[PDB]
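What follows is one structure encoded as structure tokens, with my remarks underneath.
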Amino acid sequence: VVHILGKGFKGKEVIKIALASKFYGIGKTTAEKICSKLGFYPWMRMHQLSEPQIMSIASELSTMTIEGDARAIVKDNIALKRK
Amino acid sequence: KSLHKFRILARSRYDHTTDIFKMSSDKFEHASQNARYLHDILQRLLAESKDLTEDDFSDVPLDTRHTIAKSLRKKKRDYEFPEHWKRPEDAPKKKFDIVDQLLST
Amino acid sequence: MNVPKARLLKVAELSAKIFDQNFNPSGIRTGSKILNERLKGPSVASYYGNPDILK
Amino acid sequence: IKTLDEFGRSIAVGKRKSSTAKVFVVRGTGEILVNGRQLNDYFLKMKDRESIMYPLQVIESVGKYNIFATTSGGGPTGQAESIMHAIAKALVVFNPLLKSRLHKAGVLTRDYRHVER
Amino acid sequence: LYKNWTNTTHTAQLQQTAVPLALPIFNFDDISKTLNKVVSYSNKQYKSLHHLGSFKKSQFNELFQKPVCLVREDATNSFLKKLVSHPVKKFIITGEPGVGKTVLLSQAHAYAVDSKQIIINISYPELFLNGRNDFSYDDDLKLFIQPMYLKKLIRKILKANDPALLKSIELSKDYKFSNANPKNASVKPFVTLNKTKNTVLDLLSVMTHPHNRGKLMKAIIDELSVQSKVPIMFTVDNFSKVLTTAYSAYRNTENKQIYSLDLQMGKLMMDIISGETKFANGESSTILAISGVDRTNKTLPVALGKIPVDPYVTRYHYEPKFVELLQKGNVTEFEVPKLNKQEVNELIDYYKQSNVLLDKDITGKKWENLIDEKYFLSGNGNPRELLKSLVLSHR
Amino acid sequence: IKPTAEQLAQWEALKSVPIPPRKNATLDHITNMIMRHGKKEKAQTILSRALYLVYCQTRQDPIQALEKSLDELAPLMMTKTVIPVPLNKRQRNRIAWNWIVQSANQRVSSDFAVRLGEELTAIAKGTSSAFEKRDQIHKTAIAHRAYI
Amino acid sequence: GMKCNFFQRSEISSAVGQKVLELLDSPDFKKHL
RNA sequence: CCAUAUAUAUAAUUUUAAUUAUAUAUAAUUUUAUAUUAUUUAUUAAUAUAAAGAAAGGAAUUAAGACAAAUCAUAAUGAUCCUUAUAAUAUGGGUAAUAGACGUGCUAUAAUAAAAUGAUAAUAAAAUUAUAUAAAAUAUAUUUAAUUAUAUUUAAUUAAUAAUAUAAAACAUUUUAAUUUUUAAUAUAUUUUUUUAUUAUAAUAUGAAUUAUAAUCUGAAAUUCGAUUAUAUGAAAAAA
Ligand SMILES: Nc1ncnc2c1ncn2[C@@H]1O[C@H](COP(=O)(O)OP(=O)(O)OP(=O)(O)O)[C@@H](O)[C@H]1O
Ligand SMILES: [Mg+2]
Ligand SMILES: [Mg+2]
């Protein structure tokens with residue numbers, strides 16, 4: 001029930017896998033880099049996150065090129081190929 | 001010191017286990033040209049190994065990784081029968097036969 | 001590793017000098033393979049037999 | 001007629017699949033070495049160890065001989081059964097009267113089965 | 001039963017149905033009465049050893065009512081004589097996998113409880129290197145501290161050791177920490193310990209915030225080092241995982257894997273082994289146990305002088321710093337020799353009396369042949385694989 | 001060759017003994033039934049681990065318990081296409097093992113060894129639904145005896 | 001068929017390259033200097 | 001004739017795998033002694049027991065009919081046809097286009113099963129290298145190293161010598177959604193890598209098609225239309 005940028009995760013979900021799974025631009029390496037930047041230990045889980053940490057994760061994700069922005073980039077590239 | 005420099009500069013051409021330095025030359029058309037080439041390279045290597053005036057390859061450890069790989073690509077029979085396991089008491093004992101005794105004496 | 005890189009580089013340069021080997025620490029693509037590549041011309045041309053035969 | 005060597009050892013050679021084994025059997029206290037390694041280190045599978053034991057325990061002489069086995073080729077089971085057959089052939093020398101007993105246990109017959117095209 | 005096989009046997013309490021049996025109690029000074037005979041740890045010893053984690057999984061301890069051991073002349077007597085005689089009491093226990101290195105460590109702990117020594121045991125140090133417990137950076141201690149691991153370890157030290165010994169040793173200087181205990185947390189922000197008026201037993205019972213807990217651990221270790229009233233035995237099992245895992249699974253802000261010595265647990269362990277941290281009793285000792293579940297480098301063999309140094313061996317397979325540290329302290333190797341046929345006879349006798357042997361083993365087999373059979377199957381004396389030959393060999 | 005004293009004594013002592021068995025036929029057959037893809041050691045490990053739980057929860061010889069279980073559960077004869085036909089030891093063991101494996105798979109443990117060992121423990125204590133299957137097979141055989 | 005390897009114990013004591021040089025000298029490459 | 005088991009010869013055991021290699025030769029279609037049941041009743045089969053046995057498998061090797069053939073690409077000869085064309089050369093394209101339809105295989109749909117790791121290197125066979133193979137090392141992905149892929153450079157070997165190439169499963173530890181069967185805070189314990197108590201806590205961390213970016217390999221040339229790497233994507237696939 002942990003909510004980050006309108007995306008829900010179960011408490012037991014591992015952060016470095018969950019962020020990669022439920023966000024468009026983040027993969028394994030990007031999720032690991034974000035977690036290392038935020039100081040979370042490698043196998044930290046969502047239910048352990050404090051609200052300030054959730055907001056920090058949200059800010060870090062927002063500074064990334066992800067979700068709608070990356071989808072629009074890919075769609076624009078495909079359209080340019082079509083053009 | 002000169003020998004250590006020789007071995008260091010040999011690089012993959014030197015084998016520390018067998019202590020052999022081997023060079024192969026086939027670039028030239030004839031074998032005599034390759035023999036001259038190998039001899040000249042040996043003289044160059046020896047001359048500059050014997051040279052220690054401005055040469056400081058004592059602190060460079062000898063590298064054997066190539067030899068390690070070459071030996072690793074071969075089977076080893078290093079083991080031997082344990083020494084203490086041997087029991088000479090049970091060895092066959094030759095048995096007297098008078099026939100050869102009289103034939104020879 | 002513990003041994004410094006400068007010593008190994010000097011060893012490599014000098015050894016390459018002795019054995020008439022070219023030393024390229026930069027890693028730049030000089031293309032020496034082409035110069036050292038063996039020629040396959042005569043064997044390829046000899047595929048069908050020597051052309052001088054009694055007819 | 002086979003006989004022991006100058007060190008009192010019976011030397012035998014056995015085969016199984018592509019594996020070959022050469023075993024020196026001497027009188028001793030049941031110690032075994034394989035390729036200069038402990039039996040349990042070389043053979044991780046218990047079944048192979050029991051296969052190697054079986055000819056010794058058929059003649060109930062387990063713990064009365066020391067075995068130095070030397071294998072090469074094939075895999076674990078093949079090497080173990082080659083050791084088995086070689087150990088049987090070596091044991092026959094120490095007491096020929098037991099040969100039939102060993103022969104009736106099935107350890108003195110080469111397993112001629114091998115991979116076929 | 002829901003857990004897997006190994007965790008099933010470990011945690012299913014399958015020793016509840018074990019035979020109620022009595023054995024001689026183990027005491028080193030009385031080794032002659034117990035030499036070459038299976039023994040059970042004293043009732044006091046079990047409580048200390050269990051907290052220390054001396055008895056671990058996959059040791060076939062569920063067969064019996066409580067874990068037992070054989071007091072071996074060449075393994076227990078030989079090591080314990082060295083641990084009470086040698087001037088430098090730094091030892092590393094090595095051998096083939098499953099030869100009984102943990103058992104000798106457990107016996108070494110049992111001696112420590114007998115001789116009133118305080119034991120600091122780190123079992124499975126992978127808990128602070130795998131990365132499944134949280135960590136934080138401290139700057140006063142220019143080190144990485146892991147509060148989750150420390151809080152458990154602090155509690156293990158207290159219960160594993162008698163309060164009487166912890167009561168005696170007295171604080172050298174004032175210590176003040178952040179306080180989290182609930183009666184006095186909001187009432188008073190800090191807890192002030194005092195020189196020669198509070199004792200280290202209070203230190204073990206101090207409750208600090210997770211980040212201050214890094215100070216609590218170093219304060220304890222330094223205190224036990226300075227005092228000379230009680231001997232301290234720092235012990236590490238599964239040490240090879242520390243040696244062959246030079247870099248932990250934690251990454252700093254730059255995604256650089258954190259070095260082992262950067263972590264507090266790593267530096268504390270190596271400081272004691274290297275000898276930088278000097279325990280002052282004089283009978284304090286360091287015992288380390290190799291294991292076969294860990295990968296093998298050239299680090300330990302070079303540290304012990306078994307093989308020469310080859311500088312061209314990659315850092316993955318050779319860590320010079322650990323060799324320098326292990327060589328700085330005059331560490332010696334005690335290799336657990338494999339069981340001889342006679343010791344195998346003693347163990348199987350006890351197994352027969354525990355009704356763990358199978359029917360075929362006991363019925364119709366000439367007893368001498370069975371010893372010859374299982375001496376062979378064990379690999380000429382491996383205790384684990386002897387035990388597997390009896391209990392996990394159904395063919 | 002004239003056999004010496006020790007050789008003849010050895011021959012007499014040994015000929016006064018039977019030959020040891022290479023393998024327990026029933027346990028080997030069960031293992032091969034557990035086996036897939038030629039991974040014999042995995043099947044042996046699973047079987048031995050299940051038997052080890054059976055011993056640890058019953059404290060009696062688990063090999064004997066397994067054979068009591070297979071002997072009692074397995075049907076002596078079975079109706080086939082409809083006439084009864086007798087079943088030899090291996091067929092009975094196979095049917096019993098399949099019945100055992102179904103109930104084992106019905107259990108909760110992620111490890112098959114734990115499930116199998118606990119199922120065998122329950123069977124050794126006379127608690128299993130496969131007795132009903134055996135009873136139904138025997139009842140059908142009784143009903144169709146007339147067509148032997 | 002035969003092969004004879006001779007071991008002689010004794011006392012201690014560029015067609016493509018030629019072509020490349022010629023092309024570099026040619027007025028189709030030298031004109032780009 | 002293979003394979004198997006032996007014997008002789010050969011190898012100055014550094015071309016070492018003498019546990020091997022290839023020449024010659026031998027051996028088996030197994031031989032026997034009884035018991036029981038059948039028998040054309042023994043000088044016979046079925047078995048079973050005992051004894052000597054290493055001895056248990058395999059291929060090839062002939063004609064006679066009959067059908068099917070033109071990628072009969074399994075050919076020859078002949079018949080007929082083109083001879084500025086149905087012959088011949090060059091450039092590019094196509095043989096890869098997709099509504100569909102059916103075969104053949106590979107990868108999957110999770111815990112009797114996948115992933116990571118396992119340097120004094122767990123354990124093979126048969127091959128291949130003068131129109132080659134590419135060792136070890138250095139550098140970049142990339143990060144202390146390792147792994148993996150390229151780049152630089154060619155060490156030996158033209159070979160029982162060196163390389164392709166440290167075989168992998170196996171075995172050991174750890175992790176693994178569904179699963180509140182888990183993790184976390186306090187306590188707790190003679191289960192401590194662990195137990196207990198109170199609160200908190202249909203496609204996944206299977207699958208990798210498809211799509212995007214940027215690099216790399218061969219070749220003169222990778223657009224139609226090749227392979228490879230990393231960073232994003234993450235479909236269908238569950239029951240019968
Ligand atoms: N002296 C002994 N008395 C009784 N049992 C023993 C003895 N020595 C070893 N064992 C048993 O043998 C097995 C060895 O386990 P242990 O953990 O001690 O081995 P190890 O060599 O330290 O293994 P690892 O390398 O896996 O850590 C266990 O079953 C232990 O109970
Ligand atoms: Mg141990
Ligand atoms: Mg995946």
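Every chain in the structure tokens takes a letter, A first, then B, and so on in the order presented; its residues are numbered from 1, and the ligands are numbered from 1 following the presented order.
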Per DSSP on the backbone, filter chain D down to the residues in strand (DSSP E or B) and report them as a ChimeraX atom specification. /D:10-16,19-27,32-34,37-38,65-72
Just the selected residues (N, CA and C atoms), exported as an mmCIF file, in the first residue's frame, please.
```cif
data_model
loop_
_atom_site.group_PDB
_atom_site.id
_atom_site.type_symbol
_atom_site.label_atom_id
_atom_site.label_comp_id
_atom_site.auth_asym_id
_atom_site.auth_seq_id
_atom_site.Cartn_x
_atom_site.Cartn_y
_atom_site.Cartn_z
ATOM 1 N N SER D 10 49.567 -55.528 -5.550
ATOM 2 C CA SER D 10 48.859 -56.125 -6.674
ATOM 3 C C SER D 10 48.362 -54.997 -7.568
ATOM 4 N N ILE D 11 48.762 -55.026 -8.836
ATOM 5 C CA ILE D 11 48.458 -53.969 -9.792
ATOM 6 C C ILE D 11 47.393 -54.489 -10.743
ATOM 7 N N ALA D 12 46.299 -53.741 -10.876
ATOM 8 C CA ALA D 12 45.208 -54.141 -11.754
ATOM 9 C C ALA D 12 44.750 -52.947 -12.576
ATOM 10 N N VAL D 13 44.183 -53.242 -13.745
ATOM 11 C CA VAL D 13 43.659 -52.231 -14.656
ATOM 12 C C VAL D 13 42.237 -52.616 -15.035
ATOM 13 N N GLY D 14 41.302 -51.681 -14.850
ATOM 14 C CA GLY D 14 39.921 -51.904 -15.211
ATOM 15 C C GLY D 14 39.395 -50.761 -16.057
ATOM 16 N N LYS D 15 38.275 -51.026 -16.729
ATOM 17 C CA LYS D 15 37.667 -50.064 -17.635
ATOM 18 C C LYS D 15 36.154 -50.062 -17.470
ATOM 19 N N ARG D 16 35.549 -48.925 -17.808
ATOM 20 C CA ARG D 16 34.094 -48.782 -17.779
ATOM 21 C C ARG D 16 33.738 -47.540 -18.576
ATOM 22 N N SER D 19 36.137 -44.555 -19.187
ATOM 23 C CA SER D 19 37.005 -44.426 -18.027
ATOM 24 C C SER D 19 37.916 -45.637 -17.895
ATOM 25 N N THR D 20 39.154 -45.373 -17.481
ATOM 26 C CA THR D 20 40.128 -46.400 -17.155
ATOM 27 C C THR D 20 40.679 -46.118 -15.767
ATOM 28 N N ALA D 21 40.975 -47.189 -15.036
ATOM 29 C CA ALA D 21 41.500 -47.087 -13.685
ATOM 30 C C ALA D 21 42.628 -48.088 -13.513
ATOM 31 N N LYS D 22 43.682 -47.663 -12.823
ATOM 32 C CA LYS D 22 44.796 -48.523 -12.446
ATOM 33 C C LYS D 22 44.930 -48.457 -10.933
ATOM 34 N N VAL D 23 44.852 -49.612 -10.278
ATOM 35 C CA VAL D 23 44.781 -49.683 -8.825
ATOM 36 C C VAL D 23 45.944 -50.511 -8.303
ATOM 37 N N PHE D 24 46.593 -49.988 -7.263
ATOM 38 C CA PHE D 24 47.590 -50.704 -6.478
ATOM 39 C C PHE D 24 46.921 -51.097 -5.167
ATOM 40 N N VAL D 25 46.807 -52.398 -4.921
ATOM 41 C CA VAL D 25 46.217 -52.925 -3.696
ATOM 42 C C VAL D 25 47.332 -53.564 -2.883
ATOM 43 N N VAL D 26 47.521 -53.083 -1.656
ATOM 44 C CA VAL D 26 48.519 -53.632 -0.749
ATOM 45 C C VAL D 26 47.802 -54.024 0.533
ATOM 46 N N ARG D 27 48.452 -54.859 1.336
ATOM 47 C CA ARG D 27 47.895 -55.185 2.639
ATOM 48 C C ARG D 27 48.031 -53.988 3.573
ATOM 49 N N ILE D 32 42.320 -45.528 1.608
ATOM 50 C CA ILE D 32 42.113 -45.428 0.167
ATOM 51 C C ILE D 32 42.474 -44.022 -0.286
ATOM 52 N N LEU D 33 43.180 -43.944 -1.410
ATOM 53 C CA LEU D 33 43.455 -42.684 -2.084
ATOM 54 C C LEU D 33 43.075 -42.814 -3.550
ATOM 55 N N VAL D 34 42.496 -41.748 -4.099
ATOM 56 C CA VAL D 34 42.103 -41.684 -5.503
ATOM 57 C C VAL D 34 42.752 -40.450 -6.111
ATOM 58 N N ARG D 37 44.021 -38.011 -3.839
ATOM 59 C CA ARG D 37 43.028 -37.263 -3.086
ATOM 60 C C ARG D 37 42.214 -38.220 -2.228
ATOM 61 N N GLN D 38 41.611 -37.681 -1.174
ATOM 62 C CA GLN D 38 40.742 -38.485 -0.330
ATOM 63 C C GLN D 38 39.548 -38.981 -1.137
ATOM 64 N N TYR D 65 43.045 -54.058 3.444
ATOM 65 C CA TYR D 65 43.894 -53.635 2.340
ATOM 66 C C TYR D 65 43.862 -52.120 2.213
ATOM 67 N N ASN D 66 44.965 -51.576 1.710
ATOM 68 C CA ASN D 66 45.091 -50.174 1.345
ATOM 69 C C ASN D 66 45.080 -50.065 -0.175
ATOM 70 N N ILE D 67 44.305 -49.112 -0.686
ATOM 71 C CA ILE D 67 44.026 -48.979 -2.113
ATOM 72 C C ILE D 67 44.569 -47.639 -2.590
ATOM 73 N N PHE D 68 45.345 -47.667 -3.669
ATOM 74 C CA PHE D 68 45.795 -46.461 -4.358
ATOM 75 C C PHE D 68 45.264 -46.555 -5.785
ATOM 76 N N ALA D 69 44.157 -45.869 -6.048
ATOM 77 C CA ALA D 69 43.508 -45.911 -7.348
ATOM 78 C C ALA D 69 43.872 -44.676 -8.159
ATOM 79 N N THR D 70 43.974 -44.862 -9.472
ATOM 80 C CA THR D 70 44.383 -43.803 -10.382
ATOM 81 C C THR D 70 43.498 -43.884 -11.611
ATOM 82 N N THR D 71 42.583 -42.932 -11.757
ATOM 83 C CA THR D 71 41.582 -42.972 -12.809
ATOM 84 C C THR D 71 41.856 -41.904 -13.856
ATOM 85 N N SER D 72 41.240 -42.091 -15.019
ATOM 86 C CA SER D 72 41.307 -41.112 -16.093
ATOM 87 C C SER D 72 40.266 -41.473 -17.140
#
```
Distance table requested - chain E against ligand 1, cut-off 6 Å, only C-alpha atoms and all ligand atoms: one row per qualifying residue with the closest atom pair and its distance in Å to one decimal, ordered by chain and rising residue number, as a tab-separated table.
```
residue	atom	partner	partner_atom_place_in_ligand_line	distance
E:59	CA	ligand 1	29 (O)	3.9
E:60	CA	ligand 1	29 (O)	5.1
E:69	CA	ligand 1	3 (N)	3.7
E:70	CA	ligand 1	3 (N)	3.9
E:97	CA	ligand 1	25 (O)	4.1
E:98	CA	ligand 1	21 (O)	3.2
E:99	CA	ligand 1	21 (O)	3.8
E:100	CA	ligand 1	18 (O)	3.4
E:101	CA	ligand 1	22 (O)	3.5
E:102	CA	ligand 1	18 (O)	3.7
E:103	CA	ligand 1	18 (O)	4.1
E:291	CA	ligand 1	25 (O)	3.1
E:292	CA	ligand 1	25 (O)	3.6
E:293	CA	ligand 1	26 (O)	5.5
E:383	CA	ligand 1	12 (O)	4.1
E:384	CA	ligand 1	13 (C)	3.6
```
Could you give me the residues within 9 Å of ligand 3, counting only C-alpha atoms (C1' of nucleotides) and all ligand atoms, as a PDB file with C-alpha atoms (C1' of nucleotides), in the first residue's frame?
```pdb
ATOM      1  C1'   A H 205      12.036 -10.973  -8.870  1.00  0.00           C
ATOM      2  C1'   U H 206       8.703 -16.611 -14.100  1.00  0.00           C
ATOM      3  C1'   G H 207       8.768 -15.430 -19.496  1.00  0.00           C
ATOM      4  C1'   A H 208      11.987 -12.351 -23.211  1.00  0.00           C
TER       5        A H 208
END
```
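All chain H residues having an atom within 6 Å of chain E, based on only C-alpha atoms (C1' of nucleotides), amount to residues 118, 145, 146, 173, 190, 191 and 192 of chain H.
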Just write the chosen residues, N, CA, C and O atoms (P, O5', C5', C4', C3', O3' and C1' of nucleotides), as a PDB file, in the first residue's frame.
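The file below, selection_15.pdb, is the result:
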```
ATOM      1  P     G H 118      33.067 -17.774  -9.346  1.00  0.00           P
ATOM      2  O5'   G H 118      33.458 -19.072  -8.512  1.00  0.00           O
ATOM      3  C5'   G H 118      34.141 -18.945  -7.276  1.00  0.00           C
ATOM      4  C4'   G H 118      34.112 -20.221  -6.476  1.00  0.00           C
ATOM      5  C3'   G H 118      34.606 -21.476  -7.170  1.00  0.00           C
ATOM      6  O3'   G H 118      36.018 -21.552  -7.242  1.00  0.00           O
ATOM      7  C1'   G H 118      32.620 -21.955  -5.983  1.00  0.00           C
ATOM      8  P     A H 145      39.918  -2.623 -10.795  1.00  0.00           P
ATOM      9  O5'   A H 145      39.697  -4.162 -10.447  1.00  0.00           O
ATOM     10  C5'   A H 145      40.566  -5.163 -10.959  1.00  0.00           C
ATOM     11  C4'   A H 145      40.451  -6.450 -10.178  1.00  0.00           C
ATOM     12  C3'   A H 145      39.742  -7.595 -10.883  1.00  0.00           C
ATOM     13  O3'   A H 145      40.586  -8.300 -11.778  1.00  0.00           O
ATOM     14  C1'   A H 145      38.842  -7.348  -8.720  1.00  0.00           C
ATOM     15  P     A H 146      40.079  -8.666 -13.259  1.00  0.00           P
ATOM     16  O5'   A H 146      39.070  -9.875 -13.028  1.00  0.00           O
ATOM     17  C5'   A H 146      39.488 -11.044 -12.339  1.00  0.00           C
ATOM     18  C4'   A H 146      38.313 -11.847 -11.839  1.00  0.00           C
ATOM     19  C3'   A H 146      37.325 -12.301 -12.899  1.00  0.00           C
ATOM     20  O3'   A H 146      37.757 -13.464 -13.586  1.00  0.00           O
ATOM     21  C1'   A H 146      36.145 -11.356 -11.086  1.00  0.00           C
ATOM     22  P     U H 173      24.560 -27.163   1.602  1.00  0.00           P
ATOM     23  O5'   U H 173      24.663 -25.575   1.605  1.00  0.00           O
ATOM     24  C5'   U H 173      25.471 -24.905   2.559  1.00  0.00           C
ATOM     25  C4'   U H 173      25.785 -23.494   2.129  1.00  0.00           C
ATOM     26  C3'   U H 173      24.593 -22.569   1.941  1.00  0.00           C
ATOM     27  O3'   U H 173      24.130 -22.025   3.163  1.00  0.00           O
ATOM     28  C1'   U H 173      26.068 -22.354   0.103  1.00  0.00           C
ATOM     29  P     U H 190      17.227 -19.762  28.308  1.00  0.00           P
ATOM     30  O5'   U H 190      17.984 -20.983  27.623  1.00  0.00           O
ATOM     31  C5'   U H 190      18.569 -20.851  26.333  1.00  0.00           C
ATOM     32  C4'   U H 190      18.535 -22.151  25.566  1.00  0.00           C
ATOM     33  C3'   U H 190      17.152 -22.785  25.412  1.00  0.00           C
ATOM     34  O3'   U H 190      17.049 -23.409  24.132  1.00  0.00           O
ATOM     35  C1'   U H 190      18.597 -24.300  26.501  1.00  0.00           C
ATOM     36  P     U H 191      15.739 -23.208  23.221  1.00  0.00           P
ATOM     37  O5'   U H 191      16.325 -23.034  21.751  1.00  0.00           O
ATOM     38  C5'   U H 191      17.575 -23.615  21.397  1.00  0.00           C
ATOM     39  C4'   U H 191      17.605 -24.056  19.954  1.00  0.00           C
ATOM     40  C3'   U H 191      17.822 -22.938  18.937  1.00  0.00           C
ATOM     41  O3'   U H 191      18.584 -23.423  17.831  1.00  0.00           O
ATOM     42  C1'   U H 191      15.741 -23.982  18.530  1.00  0.00           C
ATOM     43  P     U H 192      20.057 -22.846  17.548  1.00  0.00           P
ATOM     44  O5'   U H 192      19.804 -21.340  17.094  1.00  0.00           O
ATOM     45  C5'   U H 192      20.546 -20.764  16.023  1.00  0.00           C
ATOM     46  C4'   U H 192      20.566 -19.256  16.101  1.00  0.00           C
ATOM     47  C3'   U H 192      21.921 -18.634  16.437  1.00  0.00           C
ATOM     48  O3'   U H 192      22.055 -17.378  15.769  1.00  0.00           O
ATOM     49  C1'   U H 192      20.352 -18.040  18.098  1.00  0.00           C
TER      50        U H 192
END
```
Any idea what's packed within 12 Å of residue D:46, counting only C-alpha atoms (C1' of nucleotides), ignoring anything in its chain fewer than 6 positions away? Could you give it as a count of residues only? 27
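Taking stretch 71-102 of chain B and asking which residues DSSP calls alpha helix (DSSP H) on the backbone, you get residues 71, 72, 98, 99, 100, 101 and 102 of chain B.
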If we count only C-alpha atoms (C1' of nucleotides), what is near stretch 31-45 of chain A at a cut-off of 6 Å, once residues fewer than 5 positions away on the same chain are taken out, given as an mmCIF file with C-alpha atoms, in the first residue's frame?
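What follows is the written file around19.cif:
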```cif
data_model
loop_
_atom_site.group_PDB
_atom_site.id
_atom_site.type_symbol
_atom_site.label_atom_id
_atom_site.label_comp_id
_atom_site.auth_asym_id
_atom_site.auth_seq_id
_atom_site.Cartn_x
_atom_site.Cartn_y
_atom_site.Cartn_z
ATOM 1 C CA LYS A 12 7.252 -6.699 1.278
ATOM 2 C CA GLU A 13 8.381 -5.602 -2.198
ATOM 3 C CA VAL A 14 12.121 -5.017 -2.459
ATOM 4 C CA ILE A 15 12.794 -1.426 -3.497
ATOM 5 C CA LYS A 16 15.490 -2.040 -6.115
ATOM 6 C CA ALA A 20 12.471 -1.114 -11.869
ATOM 7 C CA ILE A 26 14.085 2.564 -14.431
ATOM 8 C CA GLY E 131 23.433 -6.646 2.625
ATOM 9 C CA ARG E 132 20.070 -7.677 4.107
ATOM 10 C CA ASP E 134 20.507 -1.709 7.190
ATOM 11 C CA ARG E 251 27.344 0.589 -1.998
ATOM 12 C CA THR E 253 26.452 7.258 -2.573
ATOM 13 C CA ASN E 255 27.606 3.137 -6.294
#
```
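If you take only C-alpha atoms and a cut-off of 7 Å, the residues of chain D that reach chain B are residues 4, 5, 6, 7, 8, 35, 36 and 68 of chain D.
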Take the residues from that selection and write them out as a PDB file, in the first residue's frame, keeping C-alpha atoms.
```
ATOM      1  CA  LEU D   4      52.816 -59.151  -6.119  1.00  0.00           C
ATOM      2  CA  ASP D   5      55.645 -56.772  -6.993  1.00  0.00           C
ATOM      3  CA  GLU D   6      58.793 -55.999  -4.987  1.00  0.00           C
ATOM      4  CA  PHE D   7      56.681 -53.793  -2.679  1.00  0.00           C
ATOM      5  CA  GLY D   8      53.972 -56.412  -2.135  1.00  0.00           C
ATOM      6  CA  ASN D  35      44.357 -39.570  -7.742  1.00  0.00           C
ATOM      7  CA  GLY D  36      46.255 -38.624  -4.601  1.00  0.00           C
ATOM      8  CA  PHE D  68      45.795 -46.461  -4.358  1.00  0.00           C
TER       9      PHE D  68
END
```
Report the distance between atom CA of residue C:3 and atom CA of residue B:23 in Å, rounded to one decimal place.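 Between these atoms lies a distance of 27.2 Å.
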Test item: residues at most 12 Å from residue F:29, only C-alpha atoms (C1' of nucleotides), excluding those fewer than 2 positions along its chain, as a PyMOL selection string: (chain E and resi 395) or (chain F and resi 23-27+31-35+40+43-44+47+89-94+97)
Residue list for chain C near chain G as a list in words, 12 Å, only C-alpha atoms: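 Applying the cut-off to the listed atoms yields residues 32, 33, 34, 35, 36, 37, 38 and 39 of chain C.
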Could the residues of chain B that have an atom at most 10 Å from chain G be listed as CSV, each with its closest atom pair and the distance in Å to one decimal, counting only C-alpha atoms and ordered by chain and ascending residue number?
```
residue,atom,partner,partner_atom,distance
B:27,CA,G:14,CA,9.8
B:28,CA,G:14,CA,9.7
B:39,CA,G:13,CA,7.3
B:40,CA,G:13,CA,8.8
B:42,CA,G:12,CA,8.2
B:43,CA,G:13,CA,6.9
B:46,CA,G:12,CA,9.4
```
Once you have the residues from the selection above, write them out as a short mmCIF file (atom, residue, chain, number, x, y, z; two decimals), in the first residue's frame, restricted to N, CA, C and O atoms.
```
data_model
loop_
_atom_site.label_atom_id
_atom_site.label_comp_id
_atom_site.auth_asym_id
_atom_site.auth_seq_id
_atom_site.Cartn_x
_atom_site.Cartn_y
_atom_site.Cartn_z
N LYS B 27 58.99 -16.26 -40.87
CA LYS B 27 58.55 -15.13 -41.68
C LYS B 27 59.24 -15.11 -43.04
O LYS B 27 58.61 -14.79 -44.05
N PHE B 28 60.52 -15.45 -43.09
CA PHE B 28 61.27 -15.38 -44.33
C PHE B 28 61.04 -16.63 -45.18
O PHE B 28 60.54 -17.65 -44.70
N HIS B 39 69.13 -16.18 -34.58
CA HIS B 39 70.44 -15.97 -33.97
C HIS B 39 70.66 -14.50 -33.65
O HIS B 39 71.14 -14.16 -32.57
N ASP B 40 70.30 -13.61 -34.58
CA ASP B 40 70.49 -12.18 -34.35
C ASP B 40 69.62 -11.69 -33.20
O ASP B 40 70.06 -10.86 -32.39
N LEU B 42 68.69 -13.48 -30.71
CA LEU B 42 69.33 -14.00 -29.50
C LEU B 42 70.52 -13.13 -29.10
O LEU B 42 70.72 -12.87 -27.92
N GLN B 43 71.32 -12.69 -30.08
CA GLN B 43 72.44 -11.81 -29.74
C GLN B 43 71.94 -10.49 -29.18
O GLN B 43 72.52 -9.96 -28.23
N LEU B 46 70.72 -11.21 -25.59
CA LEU B 46 71.86 -11.44 -24.70
C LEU B 46 72.65 -10.17 -24.45
O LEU B 46 73.03 -9.89 -23.31
#
```
Distance cut-off 12 Å, counting only C-alpha atoms (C1' of nucleotides) - which residues of chain H neighbour chain A? Return them as a list in words.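 Residues passing the distance filter: residues 175, 177, 179, 180, 182, 183, 184, 185, 200, 201, 204, 205, 211, 212, 213, 230, 231, 232, 233 and 234 of chain H.
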